[PDB]
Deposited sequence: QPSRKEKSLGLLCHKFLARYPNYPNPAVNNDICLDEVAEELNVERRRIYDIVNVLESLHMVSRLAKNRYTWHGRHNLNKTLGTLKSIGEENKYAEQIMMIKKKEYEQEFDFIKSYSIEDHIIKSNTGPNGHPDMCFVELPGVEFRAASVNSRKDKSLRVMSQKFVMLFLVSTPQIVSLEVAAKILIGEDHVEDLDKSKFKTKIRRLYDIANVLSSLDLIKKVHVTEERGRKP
């Protein structure tokens, strides 16, 4: 009971990846998030919401209808990271680390897009990370006189933590100290 890991996002995420094969074929494929809430004794739907939203940021899954997702799988993965490299503003990111090191729709908004730009920034000759990339999220997110500092940035650290441990479950990431980098599949 006392342990906080029993309700950690990476447990139910590991079970979520256990629910479906990484390499399926077009069969009777469907997802019902409330049926996931009922098939086990947990949890509140918001957890499956953020897990599903981060899952579709890499095109691993797709929306079909209300309470109706399709699992798809590992096919696009490499094509998704490569298309993200076509979208990549990598020079702005590496230059942003040079700054921090010393001295469509307006409200899309932040979840899937931040996971996408995270997966984009993961590729570089010298993988560097990660709260500096949170500062990149503040600069891309604001780029205005306010600032509006102190607040906001910590919550981006929180959702970035959720993106971190959710990407720690049978996927392309490591567990190295803090500020981690891995992309197993090129």
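The deposited sequence has C-alpha coordinates everywhere except the stretch 104 to 149.
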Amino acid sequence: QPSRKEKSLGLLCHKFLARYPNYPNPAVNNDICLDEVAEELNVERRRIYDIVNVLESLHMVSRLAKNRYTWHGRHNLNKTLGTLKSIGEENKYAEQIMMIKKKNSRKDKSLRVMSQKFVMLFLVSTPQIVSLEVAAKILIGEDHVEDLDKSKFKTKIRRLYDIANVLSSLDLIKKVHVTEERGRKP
From here on, numbers count along this sequence of modelled residues.
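When 5 to 13 is weighed against 160 to 168, 160 to 168 comes out higher, by mean CA B-factor as recorded in the entry. Two stretches are in play, 74 to 82 and 93 to 101, and the higher mean C-alpha B-factor belongs to 93 to 101. In this structure the maximum Cα B-factor among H144, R47, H59, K66 is found at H144. Take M120, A136, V130, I32 and read off each C-alpha B-factor from the entry; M120 has the highest. When the modelled residues of the chain are ordered by C-alpha B-factor, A27 sits in the middle third. In this PDB entry, the Cα temperature factor of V176 sits in the middle third of its chain's modelled residues. Among all modelled residues in this chain, the alpha-carbon of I140 has a temperature factor (C-alpha) in the highest third. In this PDB entry, the Cα temperature factor of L41 sits in the top third of its chain's modelled residues, the highest group. Placement of the Cα temperature factor of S125 within the chain: highest third of the modelled residues, per the deposited record.
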